[PDB]
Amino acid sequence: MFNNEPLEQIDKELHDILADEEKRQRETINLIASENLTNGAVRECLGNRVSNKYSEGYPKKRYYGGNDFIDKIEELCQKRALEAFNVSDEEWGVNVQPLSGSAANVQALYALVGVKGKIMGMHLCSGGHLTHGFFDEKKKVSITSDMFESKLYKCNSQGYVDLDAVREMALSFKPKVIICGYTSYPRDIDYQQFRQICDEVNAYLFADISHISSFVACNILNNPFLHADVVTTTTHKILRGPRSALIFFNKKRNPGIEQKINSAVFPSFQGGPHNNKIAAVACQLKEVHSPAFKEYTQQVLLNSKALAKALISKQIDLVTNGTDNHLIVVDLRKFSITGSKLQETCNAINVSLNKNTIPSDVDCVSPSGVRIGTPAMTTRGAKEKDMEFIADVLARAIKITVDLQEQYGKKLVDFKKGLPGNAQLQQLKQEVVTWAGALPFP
């Protein structure tokens, strides 16, 4: 007693908006540093009937039976996760149930410190995540600043993690956990120095590697698994999996961590796992462990170096004057335009990017930059040669943004009225559309 007509037949209204969404994805230069594009197989998993099954608990310790095939999938996902990140299952455990990055982080933090526990993370404005303790004078914006007592450490005036400040803060503050690994940080991390500071105060080392996961797995960047107690990562960004997350824990350094983490995830925070997700993560994690995916990750860094270099060749400034990874932050101060203006200008030409703070911005009220990244376009087949066009397209957008601001004024409402029906934007948009539409699309 159900309706099995296809999606197009059952709901024509939704099917159009979805077909529209797909066209816009195909015809966009996607430089969102956190986005990627899943293959058809990962998307077969996400729509599988395995999401019908309730399986609260852990493998061989479920609350319900009938979880034999689910238990194999969940055990296969865990095994593949450990192989991908070059860790022995004797020394490391992994929880694969967290529904997303933020949930994983709050669960892992709670496991380690509990309510009223003390944590340290990078400030939002300096490239830290919301779940690293973010707050403001006006409110405790993240639950990680409310259910915990958090203190926030800044990057220096050149945009680098200031280690002497991390130490200074830790010795006064004496937190149980210090979070490293960031959302918009363009350089690699000195995990060893973090491990040295943690020991000095007896705090846990938390490495959130969501943005750089593929680089850690494929050994292109430093390995926090050598120094870290806990490693969290999303599976949807550079790793190219479904929207999910992983919590890694170091048994050898912390006997008894396995139970606290597992109990934090269920039944402290979550209920039933989303088995379609776990299936999909298994499917991608097999791809992560091939040499073909290493080729892909290498290309992400090759594109990102090329892109930063080409942007500097057009006299555009970058925070830290370069990148060690997939992402660049563009400092827009020399043009006297804001990040939100360029984001509007770039949406108007089918270029996907986000506004982003820079070290000079005291506040988060007006970010002076945009953040961009190569994983999405590297997935779509762009090589080092293609990055000169993207830098070209971004340079033109900055110039048009400066023209429009001159004509209509620096207020955002006044700025925007200039956008629709702009001859150059329509021309640039058609240019963006013609190249992007051609590219391989999974």
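Sequential numbering from 1, following the sequence displayed. What we label the rigid core is the largest C-alpha set whose atoms superpose within 1.5 Å from one form to the other.
Visitor: So if we fit everything on the core, which stretch drifts more in 8 other deposited structures of this protein, 360-368 or 326-334, C-alphas only?
Guide: Farther from the shown form on average in 8 other deposited structures of this protein: 360-368.
Visitor: Once the rigid core is matched, which of the two stretches, 181-189 or 134-142, lies farther off on average in 8 other deposited structures of this protein by C-alpha?
Guide: Once the core is superposed, the stretch further away in 8 other deposited structures of this protein is 134-142.
Visitor: Between 415-423 and 15-23, which has the higher average C-alpha B-factor in the PDB entry?
Guide: If you average the C-alpha B-factors of 415-423 and of 15-23, the larger mean comes out for 415-423.
Visitor: State which stretch shows the higher mean Cα B factor in the entry: 369-377 or 57-65.
Guide: Mean B over CA atoms: larger for 57-65.
Visitor: At the C-alpha atoms, which of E90, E74, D146, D331 reaches the highest B-factor in this entry?
Guide: Among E90, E74, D146, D331, the highest C-alpha B-factor in the entry belongs to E90.
Visitor: Compare the CA B factors listed in the entry for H132, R243, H211, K116 and report the winner.
Guide: Checking the PDB record, the top C-alpha B-factor among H132, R243, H211, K116 is at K116.
Visitor: How does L226 rank on Cα B-factor within its chain, lowest, middle or highest third?
Guide: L226: CA B-factor falls in the middle third of its chain.
Visitor: Within this chain, which third does the Cα B-factor at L99 fall in: lowest, middle or highest?
Guide: Ranked within chain, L99 CA B lands in the lowest tercile.
Visitor: Using the B-factor values recorded in the entry, state whether the Cα atom of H123 falls in the lowest, middle or highest third among the modelled residues of its chain.
Guide: Its C-alpha B-factor belongs to the middle third of this chain's values.
Visitor: Is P267 in the lowest, middle or highest third of its chain when residues are ranked by C-alpha B-factor?
Guide: Lowest third of the chain for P267's C-alpha B-factor.
Visitor: Sorting by Cα B-factor within the chain, modelled residues only, which third would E44 end up in: lowest, middle or highest?
Guide: According to the entry, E44 has a C-alpha B-factor in the chain's middle third.
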